[PDB]
Structure formats: structure tokens, C-alpha cells
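In the form deposited in one PDB entry, a lone chain appears below as C-alpha cells.
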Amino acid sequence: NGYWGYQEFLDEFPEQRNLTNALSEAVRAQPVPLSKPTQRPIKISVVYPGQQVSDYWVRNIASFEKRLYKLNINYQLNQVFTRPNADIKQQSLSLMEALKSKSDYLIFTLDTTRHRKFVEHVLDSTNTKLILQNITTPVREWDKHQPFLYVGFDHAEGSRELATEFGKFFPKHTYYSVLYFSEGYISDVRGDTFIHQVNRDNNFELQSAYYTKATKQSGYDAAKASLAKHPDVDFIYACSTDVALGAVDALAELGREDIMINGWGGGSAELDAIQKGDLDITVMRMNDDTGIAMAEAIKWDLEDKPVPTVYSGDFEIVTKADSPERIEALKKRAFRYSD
């Protein structure tokens, strides 16, 4: 809403579908170093959220840097971390701070319904080229000047896949509860998608939905509260890794192994929980592809080639029944750079 669907957007602009497809080919393919030399090293800023159970961000940067090295790109990387739970006001402060650096590229994430126009005005202000992480759905308003790249693993797709699995695990009319992220974009695209699908297709009944602070502790708290008010459910759908892992501790504490719970993203900690059996299911994203895509995107730009506006990587579904070999194989695929 105010957003294009990833696939919708690629349909509407064929040239974009081409560029994105070309890029995915450039990601799958072996590194091809930089065609066009530079006058100086390029300066890149990263404003990321810190201290999360989720290893997505650190892995992203890892695979990113490794790719830039492989491409023979000479970069200087200024990192900044936001402590938690950093207010959106604080995050955007960290952001303005990173803008002073007058970098060539600026990689970051910010909730883009709660700070739509802010980011728009930032886009208008600088010559720094923006990379928006963790959003794969372009904003309609910004068709005049879109950022350099939205990069991520489509939230709607991953939530569709999970909805598809839950419809597979349970009868029509099954009771469940939902643990959202914080109020915002992510909860809208991960949560409300899942709920829409599961209500329409499987006639599931949503007992309750709770917002969180996007932290493990918060996930624990919200799970406890929710199950206190609404004990009778067959699963809980969680919108992020940290919240899921908190909810697990809650379900253990409460003795509720009659309740099923999913992860989101399938990083190391989730996979470990899946192998313990603490986590019933997850949608594991092929993590490093987006780190590698950003480096390929920068390469092109420096060769003066056109760059796609968006890139989404792919998911696989992982269940606690999967073989160690399949898990291992998927790690081989997903962390092929960050290990």
C-alpha cells in the first residue's frame, strides 16, 4: 500500500525485470572483476541495527566486503551500529550522522511507513547513492527519484511460503496467535500477509495479535501475555527471529509443546533451534546473495552500467524433519561467503 509488489513492479517495468534478472545472473555467476578503473577508493557508509540474535546484517556486510574484494574494488567502509531498542528518532539521527561523511554509497535500513517522507527528503538532499536494505517493494511516490537500490528477501514471498506450509500442517479453522514485529513496515508485510492468506485460504481463526519491540525479551513477554489471555491455539506465527526465539523460551517455560512456532530468515541461531527441535519450521533465506548483489550493483555503477532498482533473493523452507545433510547443503548455499 503506497508500495509496489516486487513482482508487480518488475511486471510493470520490463527493462527493470531485465536488469534484475541480469543481476541475479551476475550474483549466481563467478566474480568478474571491475572493467573500469577508479581515480580513488570509494567511500561506503553502513548504518545497521546492532546486537540482534539474527546474523543477517553481519553476514550481509561480510559477504558484501568479500565480493568487493573479489571484484577488485577499492573501498573504505564506515560502519555505524544502532544500540537497542533505538527509537526511530535515534536511528534517523545515526542516519543523518552517516550522511555527513559525504560517502559515495550509503547502505541502511529504516522503517519506511513511519518515516516515508523523511527518507524521501534525504533522497532529494544528497548525491550519496542509497541502498535500502530489508525492503524489496519500491515506494510508488518516489518514481521521480528512486534510490540506487532496494535490496533484500521479499517479505511477502517468505510469508506466503510459511502460510502455505501452515495450511499444510493444520485443519480448516485452526486457532492461532501472531507475534508481530514493532508497529511498522515489517509487521505489515510479514504479518498481515500471512494472516490475510491463512484466513482466506484455510479459514484459520486468529485469537490474538501482539506487537513487540522487536527483541528476544519482548518476544518472550508477548508470548507469555498472549498465551495467558489466549491459552488455546495450535500455533503461533512470529514475524522475526528474535521474537521467535523469545517465544520459544516462553513455550518451554509454560510446558506448551502442543504449540507450533516458526522462525523467519533461517540464520544460524534459527537453524540451531530447528536442529534442537525448539523451532518447528522456518523460511530460510539464501543469505549471502544480497550482500553479493550490492557489490555487483556497485561494480556496474562504476562501469557506468544501468542498475536495477530492486533485487530480491530466494528462500527455501526448512522443517525440523529435514536431514542434517540438507541443512548443511543449504548452509553451503546461503553462507557461501560468510560461512
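Heads up, when I say rigid core I mean the largest set of C-alphas that superpose within 1.5 Å between the two forms. The numbering used is simple: start at 1 and walk along the sequence shown.
What follows is about the form deposited in another entry, which we do not show.
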Of the candidates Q217, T164, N199, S125, the only Cα that travels 2 Å or more between this form and the one not shown, given a rigid-core fit
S125
CA of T113, rigid core aligned, shift of 2 Å or more between this form and the one not shown:
yes
Core-aligned, is the CA shift for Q91 between this form and the one not shown 2 angstroms or more?
yes
Direction of Cα pair change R83-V189 in the other entry, magnitude 3 angstroms or more:
closer
I want to verify one pair: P84 and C239. Are their C-alpha atoms nearer or more distant in the other entry compared with the form I supplied, knowing the change is 3 Å or more?
closer
